[PDB]
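>>> below: the sequence, then the experimentally determined structure.
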Amino acid sequence: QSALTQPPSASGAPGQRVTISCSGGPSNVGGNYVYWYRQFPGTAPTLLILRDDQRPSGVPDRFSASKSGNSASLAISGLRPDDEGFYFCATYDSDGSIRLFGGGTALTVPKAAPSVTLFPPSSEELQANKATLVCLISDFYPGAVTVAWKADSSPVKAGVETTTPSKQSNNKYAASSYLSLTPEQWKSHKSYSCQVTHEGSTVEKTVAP
Amino acid sequence: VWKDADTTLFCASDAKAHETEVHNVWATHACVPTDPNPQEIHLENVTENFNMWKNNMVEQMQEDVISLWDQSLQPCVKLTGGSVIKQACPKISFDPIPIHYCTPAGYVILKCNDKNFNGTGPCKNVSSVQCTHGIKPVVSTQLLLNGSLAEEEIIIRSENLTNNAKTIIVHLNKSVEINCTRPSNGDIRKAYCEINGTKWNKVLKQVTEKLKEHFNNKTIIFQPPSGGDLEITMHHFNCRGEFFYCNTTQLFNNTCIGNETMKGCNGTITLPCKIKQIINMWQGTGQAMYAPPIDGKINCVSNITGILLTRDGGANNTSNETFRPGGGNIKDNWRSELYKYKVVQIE
Amino acid sequence: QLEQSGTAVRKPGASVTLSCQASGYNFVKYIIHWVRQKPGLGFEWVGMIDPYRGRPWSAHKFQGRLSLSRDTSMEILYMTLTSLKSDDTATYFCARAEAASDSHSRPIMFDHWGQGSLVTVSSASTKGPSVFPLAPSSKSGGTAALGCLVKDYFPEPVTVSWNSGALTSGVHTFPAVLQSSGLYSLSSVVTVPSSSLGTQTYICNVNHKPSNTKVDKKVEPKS
Ligand SMILES: *[C@@H]1O[C@H](CO)[C@@H](O)[C@H](O)[C@H]1NC(C)=O
Ligand SMILES: *[C@@H]1O[C@H](CO)[C@@H](O)[C@H](O)[C@H]1NC(C)=O
Ligand SMILES: *[C@@H]1O[C@H](CO)[C@@H](O)[C@H](O)[C@H]1NC(C)=O
Ligand SMILES: *[C@@H]1O[C@H](CO)[C@@H](O)[C@H](O)[C@H]1NC(C)=O
Ligand SMILES: *[C@@H]1O[C@H](CO)[C@@H](O)[C@H](O)[C@H]1NC(C)=O
Ligand SMILES: *[C@@H]1O[C@H](CO)[C@@H](O)[C@H](O)[C@H]1NC(C)=O
């Protein structure tokens, strides 16, 4: 039986103490215990807390677990940075049935800015009777922005798709914005804005022959 | 006085030395004659805790039969790990005899005599013994055969009721006959087993009625094995050295129960079975090929005394629990007999 | 000790085949729960595959659809699933447990996990590319950028290089957006100075597998 309910976690700071539960529809002793996990690229998602055992070989002490109620509490006194990753609860559900999992939480965590870049459709594409716009998104922090295309002085209401931020190498973020145009419309409407907002002090370079 | 302990037991038998039948010769050589007057004194108002799942006696029997099988039943061919095995593959004389397991000094065997004992936990009516009762090393899958019966109710035994991964052993209070035959003198490997449908569906009707009491009057469901090898998925067994794999699909006929005077579900049941010479040993030890069958009339008749079961996962159905035949393994065969016993060290 | 591995894309409606090779001992007494991942979220029990016997289990919810598989000897596994769907793009996993059934430790838990077995499920078939040359704004700011227009290709992924990979300054292999109809739009840029030009022109670099389509299309600012 049993369910689960988790808030995303957490826009923390590189050190402060945090305490996150893995609470199930069993709001009783359940989840009686849990495994919380690391979960990385090319890596095994790597478990943190065992029950019926401590931390295995090759594991350090700073992770303690304690509950009461359904009030579980995965606790960090000393936050760490490569906690800039994803963490999930694992269910016993009475050794079944059946075993559930948590909502996942990540902590990498009011001021701009990116270096913004905008560019117009290539001729060859217009030689292909098509046209492709690029409003790129780059060199900002955090990877949390609100994209806004506009008709220079008026709204834009379509032709557009927002990514999941797919960060740069520099741990400052990366993203790309693109607008849908008819070649007719590409050159029917004089100018197309692309205000990707990073902490609302949003500057843009636009394109208009 | 004592404390829970594990130690190595010995075996006893009335095995006959001239029989070449392997159990006779073996027990003739590996086990001893019986004690004609073994003593048992009951201790008044004493309660003791048990754990049927850890009695190395099991480990000893499994190990022993395995060692035997590994050294006695050379197939014409064995495929194992990185090696390849070839040979002549000869005929044998085969017929199990009862085996008793008995304890040495400084240890004793404790027995739960609680008629309704589940195999773990306290037993109010406990006795002590020097040697066990006679246990047939009945090798079977799905079903436990020719075992001891519960003296009162059919008993359900399991390591973790919540865990569908834990095998359920069903202890019968009534034996059920299965009659398997390759008739004298065309498929030379074709055989069949006849079973009485009525006895089975009746006891089983009773078991279901009983199961609901444990499953909140929830719907009780049987399902076919999800899949797998014939070796694990079928009732697999040996008669005079020849290997049977029998399909138990027909048995979980849900429609055949409700006391509804009905068709299909009736009469003497004749189930078709077939034989395979080549198998993967469940010991995980590889593959075996044995030589071909005898001329003539082939027959093995058995009493059914126990069952191994696997449960379907998938909670929140809230009305039903779903089950599929097949449970653990032969250790359960020895376990099904052992729920009331444990070895202790005398201190 | 534990390597999952699989290929990415096939069309929906069909069926599939999945591995996870591990250590023999881990195959001795540990069933392996297959679970799956979704874009950035927490796991799903699909079923269990025992190390022994091959007694299979997974939820009844595939009764007509399912089959489970393995290899005892070769220390290796297979899974197979029916009814693929265009929306079914994400990573799968395998996990063990001593299970109060291994050692005298007696714990049940997902000890080690899979590297992940990627998925990319598209009804669309392999696709010939739409490549285009991004006229950079030829143009204080004595330093500018150009890149390529990665359009209309299928399936994943795209390779990017510059000066045959020799170029990396401000070079950035930018994200793909597998856009609605199913065309990823991937990007890459590279930054250049006011001083290098007249000789210094620049290209984006790709090879599309199911078509063996090796593209290097010249990016120019317009006539
Ligand atoms: C079980 O209980 C009855 C009633 O007290 C007793 O006569 C019997 O001896 C007990 N069984 C054993 C094995 O002691
Ligand atoms: C066998 O066990 C069932 C389970 O309770 C019971 O209903 C039935 O009466 C038993 N058989 C006999 C002959 O008593
Ligand atoms: C078992 O089957 C044989 C024939 O295969 C038959 O002769 C015999 O009567 C059957 N068993 C019983 C108890 O009748
Ligand atoms: C289940 O029971 C019905 C009712 O007698 C019968 O017609 C049907 O064939 C049975 N299913 C089997 C034998 O698989
Ligand atoms: C099964 O056993 C019952 C028990 O009385 C009997 O009435 C019936 O005739 C038997 N059916 C067979 C042997 O097919
Ligand atoms: C059960 O006992 C009978 C009687 O000796 C025998 O013929 C049969 O082979 C035995 N089978 C099993 C599996 O115990």
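All right, it came through fine. Residues are numbered from 1 along each chain as shown, chains lettered A, B, ... in the order given. Ligands and ions are numbered 1, 2, ... in the order given.

>>> just checking, residue A:181 touches residue A:121?
Yes. If you go by C-beta atoms under 8 Å, residue A:181 and residue A:121 touch, sitting 7.4 Å apart. All C-beta atoms are positioned from the backbone trio N, CA, C, and that covers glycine.

>>> give me the common contacts of these two.
A:131-133 (C-beta atoms under 8 Å, 6 or more residues apart in numbering or on different chains).

>>> in chain C, which spans are helices?
Assigned by DSSP state H, the helices in chain C fall at C:26-29.

>>> longest strand of it, counting residues only.
Counting by DSSP state E, the longest strand found in chain C is strand C:143-151.

>>> nearest to ligand 3, of the shared contacts of residue A:181 and residue A:121?
residue A:132 (81.0 Å; C-beta to the nearest ligand atom).

>>> quick check: nearest residue in space to the closest one, chain neighbours excluded?
residue A:121 (4.9 Å; C-beta to C-beta, 6 or more residues apart in numbering or on different chains).

>>> re earlier: compare residue A:181 and residue A:121 (neighbour count), which wins?
Taking other C-beta atoms under 10 Å in any protein chain shown, residue A:181 and residue A:121 do not tie; residue A:121 has more neighbours (23 against 19).

>>> helix or strand for the more buried one, which one?
Here residue A:121, judged by DSSP states H and E, is contained in no helix and no strand.

>>> my read: it touches residue A:129, true?
No. The criterion here is C-beta under 8 Å, and residue A:121 misses it with residue A:129 at 10.9 Å.

>>> got the domain ranges for the chain?
Defaulting to chain A. Segmentation of chain A into domains, based on curated CATH domains, reads A:1-111, A:112-209.

>>> looking at chain C here, not the other one
Taken from curated CATH domains, chain C resolves into C:1-123, C:124-223.

>>> Throw those into TSV and include distance to residue B:203 and mean neighbour count, thanks.
Listed next are the domains of chain C as TSV, based on distance: least, C-beta to C-beta, whole Å; neighbours: other C-beta atoms under 10 Å in any protein chain shown:
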stretch	distance to residue B:203	mean neighbour count
domain C:1-123	25	18
domain C:124-223	58	16
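
>>> kindly reformat the ones you listed as TSV containing distance to ligand 3.
Below are those laid out as TSV (distance: least, C-beta to the nearest ligand atom, whole Å):
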stretch	distance to ligand 3
domain C:1-123	31
domain C:124-223	60
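
>>> of these, which is nearest ligand 1?
If you check each of these against ligand 1 by C-beta to the nearest ligand atom, domain C:1-123 wins as the nearest, at 31.0 Å.

>>> quick one: is the closest one near chain A?
Yes. Against chain A, domain C:1-123 shows contacts by C-beta under 8 Å from any C-beta of the partner chain at C:2, C:33, C:35, C:39-45, C:59, C:93, C:100, C:105-115.

>>> of those, which belong to strands?
Using DSSP E, these in strands are C:2, C:33, C:35, C:44-45, C:93.

>>> of those, closest to ligand 2?
Taking C-beta to the nearest ligand atom as the measure, ligand 2 lies nearest residue C:45 of these, at 33.6 Å.

>>> the closest residue to the closest one other than its chain neighbours: what's it in contact with?
Using C-beta to C-beta, 6+ apart and skipping the chain neighbours, the partner closest in space to residue C:45 is residue A:99 (4.6 Å). Residue A:99 makes contact with A:90-93, C:33, C:45, according to C-beta under 8 Å, 6+ apart.

>>> nearest to ligand 6 among these?
Comparing the contacts of residue A:99 against ligand 6 with C-beta to the nearest ligand atom places residue C:33 closest, at 34.1 Å.

>>> the closest one reaches residue C:44, doesn't it?
No. When contacts are counted by C-beta under 8 Å, residue C:33 is not listed as touching residue C:44 (9.8 Å).

>>> rewinding a little: want to throw the ones in strands among the residues of domain C:1-123 next to chain A into JSON lines with distance to ligand 5?
Compiled in JSON lines, these are given as follows (distance: C-beta to the nearest ligand atom, whole Å):
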{"residue": "C:2", "distance to ligand 5": "54"}
{"residue": "C:33", "distance to ligand 5": "44"}
{"residue": "C:35", "distance to ligand 5": "48"}
{"residue": "C:44", "distance to ligand 5": "48"}
{"residue": "C:45", "distance to ligand 5": "43"}
{"residue": "C:93", "distance to ligand 5": "51"}
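
>>> mind putting the residues you listed into TSV with distance to residue B:242?
Formatted as TSV, these follow (distance: C-beta to C-beta, whole Å):
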residue	distance to residue B:242
C:2	42
C:33	38
C:35	43
C:44	45
C:45	41
C:93	44
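
>>> out of those residues, which touch ligand 2?
With C-beta under 6 Å from any ligand atom as the criterion, these include none near ligand 2.

>>> which residue of chain A lies farthest from its centroid?
residue A:127 (38.6 Å; C-alpha atoms, centre = their mean).

>>> and chain C, by the same measure?
Note on chain C: the largest separation between a C-alpha and the mean C-alpha position, by C-alpha atoms, centre = their mean, falls on residue C:140 (42.6 Å).

>>> near chain C, anything from stretch B:40-60?
No. Stretch B:40-60 lies out of reach of chain C by C-beta under 8 Å from any C-beta, never closer than 9.6 Å.

>>> can that stretch be said to contact ligand 1?
Yes. Interface with ligand 1: stretch B:40-60 contributes residue B:42 (C-beta under 6 Å from any ligand atom).

>>> quick one: residues contacting the closest residue to residue C:37 other than its chain neighbours.
Leaving aside its sequence neighbours, residue C:37 sits nearest to residue C:91 (C-beta to C-beta, 6+ apart; 4.1 Å). Neighbouring residues of residue C:91 by C-beta under 8 Å, 6+ apart: C:36-37, C:116-119.

>>> again with residue B:167
Applying C-beta under 8 Å, 6+ apart to residue B:167 gives the contacts B:158-159, B:308-310, B:327-329, B:332.

>>> mind redoing it with 10 Å?
By C-beta atoms under 10 Å, 6 or more residues apart in numbering or on different chains, the residues touching residue B:167 are B:157-160, B:307-311, B:326-329, B:331-332, B:335, C:55.

>>> and residue B:42, which helix or strand is it part of?
Using DSSP H and E, residue B:42 falls within no helix or strand.

>>> who's in contact with it?
B:113, B:125-128.

>>> same question for residue B:333.
Under the criterion of C-beta under 10 Å, 6+ apart, the neighbours of residue B:333 are B:58, B:61-62, B:65, B:135-141, B:143-147, B:169, B:306, B:308.

>>> could you redo the last one with a cut-off of 7 Å?
B:138-140, B:144 (C-beta atoms under 7 Å, 6 or more residues apart in numbering or on different chains).
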